[PDB]
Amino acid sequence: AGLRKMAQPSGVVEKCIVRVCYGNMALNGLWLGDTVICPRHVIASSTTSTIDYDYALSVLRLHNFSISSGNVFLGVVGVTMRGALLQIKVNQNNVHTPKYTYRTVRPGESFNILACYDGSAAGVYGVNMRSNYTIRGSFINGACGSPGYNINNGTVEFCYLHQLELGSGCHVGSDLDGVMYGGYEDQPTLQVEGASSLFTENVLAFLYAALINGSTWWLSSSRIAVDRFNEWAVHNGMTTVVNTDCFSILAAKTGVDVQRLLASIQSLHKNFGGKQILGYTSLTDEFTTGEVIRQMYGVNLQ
């Protein structure tokens, strides 16, 4: 019983964190094989104005780097640009490199953040990529380079390196190929995130979990067609629903079909009437169907 946002165990990722310092800038890097990957703004001089990163790298002084895993210091062999990241070739292989891949996540997908400071893991929590390509993180100064990851069958899938915080407090990263999520710039210029729409498929997964956990007061006798809901959704800050075959077994276990939940979402989007659903007082879109099925039943969909 229960539904909690949770992270996968962080042990295999913890051994990949290093401290990367250039001059007076210090942040975190990921050490995999003989490469350290980190945000390129570690070589930015000052926080304003626009940075010519190509020029900065051209006048780089390699011995001005300090890269360490605990008190293991890594010598820098070379540095090249990789989008919004640096690829730093170092002189030692991380013998604790896990089996890993890179994958770029899409809005609505969940992953784990390993929040790091001074090159050491400090905390771990689950996040979900918003439609505006930001995440609801908790980071303070020094967390840049903190990685986001999933673990599938022993393979670490890296999908995020923390880059910056927008004025509203939402958090922006790049994928490990250096492509910034949402096209935000790694520059100090003013930029604002777009509006956030609730990922409706995730809201549906949450309401199914609510039913499985005995929360039913909110459920509607009505029902609304997918097509009609989608018309309403785009005027009410929620995404459209594409298809319901991922709710197949959830629909069977509870007896409630998507159309009934869609009508429930419409009533609950205003307010919860002073009531709560699993402790929430507004709809949450942070849980995917995969997370719900895993937490309800211990099945990992592939």
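All residue numbers refer to positions in the sequence shown, first residue = 1.
- Across the two stretches, 3 to 11 and 293 to 301, the PDB entry reports the greater mean Cα temperature factor for 293 to 301.
- Mean C-alpha B-factor is higher over 238 to 246 than over the other stretch, the pair under comparison being 238 to 246 and 49 to 57.
- As recorded in the PDB entry, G214 shows the highest C-alpha B-factor of the residues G214, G83, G78, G173.
- For the set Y117, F229, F158, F111, the maximum C-alpha B-factor listed in the entry falls on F229.
- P98: CA B factor lies in the middle third for its chain, per the PDB record.
- Split the chain's modelled residues into thirds by C-alpha temperature factor. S131 is in the middle one.
- Among all modelled residues in its chain, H41 ranks in the middle third by Cα B-factor.
- Residue-level temperature factors show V256 in the highest third of its chain, judged at the C-alpha atom.
- In the PDB entry, a CA B factor belonging to the highest third of its chain's modelled residues is recorded for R223.
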